[PDB]
Every structure is written in structure tokens, then in C-alpha cells.
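A quick write-up on the structure given underneath.
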Amino acid sequence: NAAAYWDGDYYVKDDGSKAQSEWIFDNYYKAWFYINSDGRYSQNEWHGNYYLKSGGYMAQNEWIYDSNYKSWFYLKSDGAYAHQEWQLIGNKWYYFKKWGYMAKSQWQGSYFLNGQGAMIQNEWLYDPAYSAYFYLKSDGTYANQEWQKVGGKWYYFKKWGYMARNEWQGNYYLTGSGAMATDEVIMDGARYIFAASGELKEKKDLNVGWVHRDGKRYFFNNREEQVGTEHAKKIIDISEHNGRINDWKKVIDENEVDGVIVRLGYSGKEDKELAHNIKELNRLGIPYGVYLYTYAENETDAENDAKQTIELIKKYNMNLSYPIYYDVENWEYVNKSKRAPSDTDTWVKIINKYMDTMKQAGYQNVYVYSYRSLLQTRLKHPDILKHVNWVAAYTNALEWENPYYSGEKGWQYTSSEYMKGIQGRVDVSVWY
Ligand SMILES: C[N+](C)(C)CCO
Ligand SMILES: C[N+](C)(C)CCO
Ligand SMILES: C[N+](C)(C)CCO
Ligand SMILES: C[N+](C)(C)CCO
Ligand SMILES: C[N+](C)(C)CCO
Ligand SMILES: C[N+](C)(C)CCO
Ligand SMILES: C[N+](C)(C)CCO
């Protein structure tokens, strides 16, 4: 007489009565609908373990995004949401937490789910929480207590998946990058010779670095050769990243430090320890210079860097025995929105601007600091290189010449020295 039909939002059942608070299957649509207590079909909402989409159709074998929970959900073959379980969907593995929330950007035991919720396979993962590298294998599990060949190089993963670095594993040494050593490594006052396949061949004891010879002191690089003379100076650079230094006199005497380069901060921001560092060095009469890490992008930025530098110098009553350093590197913001110009000409302009501003303000003991590879590429210009007298190269020898600068200079040869009176690694240079 009038059965099994939709009357707007209402549904008339097999008999001839209105549906109410019940599931009905429509044969035309081949779909389930849940009819609410109001008599109307539910839509854009959950009912128990099931989701009713726009138009009322129960979701089955499909993803649903719920704006209320800001979460993806997956609805199984019977409509029930996936929860506390793994599902293979479109040839990828997904994990669903309690209440059906898709896991994303997190671990689930030995597996890691990316931002789209997919289990990672054959990929590197840095995890800040564990502050280390992991490698998720073909099966999705993190590599552990085993070797892995990745991108043509060999890596060792320890218990809990940690990538070994700067450490031994049997006859093999994992370098700073984590990759197996295949040639030579100088460390612990020794030279180590590895076969091309990685196993240690030979160990030779060396006496290198700062060596004390009968009342005198010299610096020897890793190729057992002298840098500078007996008057070579040990210069550290310090920043908030070294934490707070409570006993500066201890630091200076016990490590035989001749001077310090102190971080001012970076473009627009003052180093947290600058005030304390300047105060202490001033009071103790330790020779120091300073450096600003630049995030410049143009001449406006370069002028702002100099202005900031000048303000800080007068503010803290800085007494500068060593230069003011423009720390020039391949910078990038943490959110990666901006990164340094690549072209030589833009940096000629930036560096020239900074120098010119400093000069007109009365500061002429101003120089550029950078690392070797950059001075060889995007910085290789007579107008820049004329300002360079402090070069980083964490190598066995500097092996870099600068025709455009003559006189006293520094080589930052390490970022991993330990020193009495300081916690953690310290940057150290030889001045010569
Ligand atoms: C329930 N539908 C929305 C599918 C049609 C009936 O109004
Ligand atoms: C009617 N249920 C929704 C409970 C079963 C789905 O097929
Ligand atoms: C992710 N897998 C389903 C492959 C294993 C988890 O138990
Ligand atoms: C799937 N949720 C758990 C979010 C809704 C239950 O009705
Ligand atoms: C729908 N997700 C993005 C959650 C995974 C499937 O692509
Ligand atoms: C790889 N870790 C074991 C450190 C993370 C939890 O699975
Ligand atoms: C193995 N990676 C090169 C990705 C990490 C270096 O620390």
C-alpha cells in the first residue's frame, strides 16, 4: 500500500510504519542508513561504531575525515571503524589508535607512521624525542643490532635502533655521519687505517694537536705537521649553546686558552649568555672578539646586522682584542621558509654593506668567518676573501690559500673538543 520508501528525511518500513532509532537497508542504493529518534536519517555523524556520510549512506571499506576530531578514520567491510589495530589499505599499512584515530607522525612499537598515516619503509628517520637517527627497513621495522647498507654505504644500528656514529663496532668504525670508515681516521692520539671494505688494518700512535715540548708549545695538525710557530694561540668560540660558564678563570688556565670569540647572537636575536660572558671576560681581562651569525638576504639585512652589532658592543662595554666577525654560512630558517642566496654577487653586496656600515661607525677590525667549501664556491670573490681571516675546516689540514688576505689568521679545526670547566663539545681554533 505504501512501503519501503523515503518520504524526505523520513523512511517508511516494510510494513507501513515510520522507521525510528534503527538501521534500514535500502535495496535501491544498496546501503545502510541509521534512522534517528526524530524519524530522520542520520548524516555527517557517528552512530556507535559506524559513520553516516552526507545523504545518510553508511561508510564501508573507506576513509572518512571527521572535522570535529580533526582526524581520519577507516571504516571496515561491515562499517565498523578500525581501532587498536593495523590495516592494509591501498597497499599501505595503517595503524588506528583507541577510538579509531589514525596514527600519524609517531611510532607504533617498532614501526613509524608518516604524516599521511602510512608505515615508513626503507627510509631514514630522525626523532628529536630520542634525539637520534633510525632506519625503517623493508618490513617497516627499525633496524636494530645489525648492519644495513643504505645508499651504497654501511651503517650499524644498535639496540633500540640507534644509528652508531663516532664509535666502534667490532673491527669497523662508524664515522660522524654514521657511515663505516673505509680509509683512514685520526682520533684518540692515533691514526687508523681501514681496508676499503671497512675492517681495521693498522693502528699507529701519534702525538698531534697542542703539544708541549720542553717549556714550549706548538699546534700540529693531523698530518703531523706544525701550524704556525711556538707563539701559536688557542682560541675558542663560545655561545649560549655551551650553556652558562661559571668558572672562566678555570677554563682559561686549565686549557691554556689565549682568547675567546663570543657569540653576540644571530640576525635580530641576542645570545642568551652574551651578558654574562662579556661581564666575566671583562672582569678577568681575557682577550676576546665577537661574532654575529647572519640571516641576511640583502643590503637592508646587512645594515641591520651591523646596527645590531654596534648596539651590543656599546651596551655591554665590550673591549675587543680580537675582531668582530661576520659569521657567513649557508643559512636556512628552521621552518625552511627562507634560505641563503646562492649567487656570489648577492653576498659580495651583503658582506660589503655590513663592512661599510661598521667602518663608518668607527669599527675597522671587522672580518668574515666561514667554512672552507663555501669560501671555495659561492664566496670565492676578491672583495669577500679580502675580509676572511678565520676559516673552519674540521679536517686533517686546512689546505686552503687566500691570496686576498695577508697576516694573522685563525683555523677552526674542530667542533668536538672537550675542555675543563665546560660541559659538552667546544669549538677550538689555532691563531697563527
Ligand atoms: C536518503 N537519501 C538522501 C539517500 C534519499 C532520501 O531522501
Ligand atoms: C546494521 N549494521 C550497521 C550494524 C551492520 C552493517 O552491515
Ligand atoms: C605492520 N604489520 C601488520 C606488518 C605488523 C604489525 O604487527
Ligand atoms: C569513532 N569514534 C570513536 C570517534 C566515534 C564513536 O562513535
Ligand atoms: C586518507 N589518508 C590520507 C589518511 C590515507 C590514504 O591516502
Ligand atoms: C626506536 N625506538 C625503540 C627508540 C623507538 C620506539 O619504537
Ligand atoms: C645517515 N644520515 C646521513 C642520513 C645521517 C647523518 O647523521
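Residues in the C-alpha cells are numbered from 1 in each chain, the chains being A, B, ... in the order shown, and ligands are numbered from 1 in the order shown.
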How would you write, as a PyMOL selection string, the set of residues no farther than 9 Å from ligand 3 when counting only C-alpha atoms and all ligand atoms?
-> chain A and resi 85-88+93-95+108-111+119+139-141
How would you write, as a VMD selection string, the set of residues no farther than 9 Å from ligand 6 when counting only C-alpha atoms and all ligand atoms?
-> chain A and resid 107 to 112 127 129 to 130 132 to 135 141 to 144 159 to 162
Once you have the residues from the selection above, write them out as a compact mmCIF listing (two decimals), in the first residue's frame, restricted to C-alpha atoms.
# COMPACT_ATOMS: atom_id res chain seq x y z
CA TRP A 107 55.77 5.29 16.49
CA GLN A 108 53.62 2.24 16.97
CA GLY A 109 56.08 -0.18 18.57
CA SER A 110 58.85 -0.87 16.05
CA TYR A 111 57.06 0.93 13.19
CA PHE A 112 56.72 4.61 12.35
CA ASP A 127 63.44 11.52 16.01
CA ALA A 129 62.37 12.68 21.19
CA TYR A 130 65.13 10.05 21.08
CA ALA A 132 69.00 10.13 17.06
CA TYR A 133 68.69 8.58 13.61
CA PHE A 134 66.73 5.45 12.84
CA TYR A 135 66.28 3.48 9.64
CA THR A 141 60.64 -2.37 11.48
CA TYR A 142 63.50 -0.17 12.68
CA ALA A 143 66.96 -1.62 12.01
CA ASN A 144 68.46 -2.88 15.27
CA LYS A 159 69.92 -1.83 20.49
CA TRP A 160 66.74 0.30 20.26
CA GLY A 161 67.62 1.19 16.66
CA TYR A 162 70.17 3.97 17.30
Pick out the closest residue to ligand 7 from this set: A:11, A:81, A:50, A:126. Count only C-alpha atoms and all ligand atoms.
->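 Using only C-alpha atoms and all ligand atoms, ligand 7 sits closest to A:126.
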6 Å from ligand 4 is the threshold here; counting only C-alpha atoms and all ligand atoms, which polymer residues fall inside it? Answer as a PDB file with C-alpha atoms, in the first residue's frame.
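Below is the file selection.pdb, written as the result:
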ATOM      1  CA  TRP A  46      28.660   8.682  14.053  1.00  0.00           C
ATOM      2  CA  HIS A  47      26.275   6.108  15.457  1.00  0.00           C
ATOM      3  CA  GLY A  48      28.255   3.756  17.697  1.00  0.00           C
ATOM      4  CA  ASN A  49      30.910   2.040  15.597  1.00  0.00           C
ATOM      5  CA  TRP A  99      38.563   5.369  19.396  1.00  0.00           C
ATOM      6  CA  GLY A 100      39.708   4.917  15.787  1.00  0.00           C
TER       7      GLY A 100
END
Would you mind writing down, as a PyMOL selection string, each residue of stretch 238-305 of chain A that DSSP on the backbone assigns to alpha helix (DSSP H)?
-> chain A and resi 248-254+274-284+299-305
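DSSP annotation of stretch 60-97 of chain A from backbone atoms: strand (DSSP E) residues are residues 62, 63, 64, 65, 66, 71, 72, 73, 74, 75, 85, 86, 87, 88, 89, 92, 93, 94, 95 and 96 of chain A.
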Each chain A residue no farther than 10 Å from ligand 2, nearest pair in Å, only C-alpha atoms and all ligand atoms, as a tab-separated table:
residue	atom	partner	partner_atom_place_in_ligand_line	distance
A:22	CA	ligand 2	1 (C)	8.4
A:23	CA	ligand 2	1 (C)	5.4
A:24	CA	ligand 2	1 (C)	7.3
A:25	CA	ligand 2	1 (C)	7.9
A:31	CA	ligand 2	7 (O)	8.6
A:32	CA	ligand 2	3 (C)	6.5
A:33	CA	ligand 2	3 (C)	7.9
A:34	CA	ligand 2	3 (C)	7.8
A:47	CA	ligand 2	3 (C)	8.8
A:48	CA	ligand 2	4 (C)	9.1
A:49	CA	ligand 2	3 (C)	8.1
A:50	CA	ligand 2	3 (C)	6.4
A:51	CA	ligand 2	3 (C)	8.9
A:52	CA	ligand 2	3 (C)	9.7
A:58	CA	ligand 2	3 (C)	7.4
A:59	CA	ligand 2	6 (C)	9.4
A:60	CA	ligand 2	6 (C)	8.4
A:76	CA	ligand 2	6 (C)	9.6
A:77	CA	ligand 2	7 (O)	7.9
A:78	CA	ligand 2	7 (O)	4.7
A:79	CA	ligand 2	6 (C)	5.3
A:80	CA	ligand 2	6 (C)	7.4
Return as number ranges by chain every polymer residue, whether protein, DNA or RNA, with at least one atom no more than 9 Å from an atom of ligand 1; count only C-alpha atoms and all ligand atoms.
-> A: 5-11, 26, 29, 31, 33, 41, 43, 54-57
Closest atom pairs, chain A residues within 6 Å of ligand 5, only C-alpha atoms and all ligand atoms, as a tab-separated table:
residue	atom	partner	partner_atom_place_in_ligand_line	distance
A:63	CA	ligand 5	1 (C)	5.7
A:72	CA	ligand 5	4 (C)	5.5
A:116	CA	ligand 5	3 (C)	4.8
A:117	CA	ligand 5	4 (C)	5.8
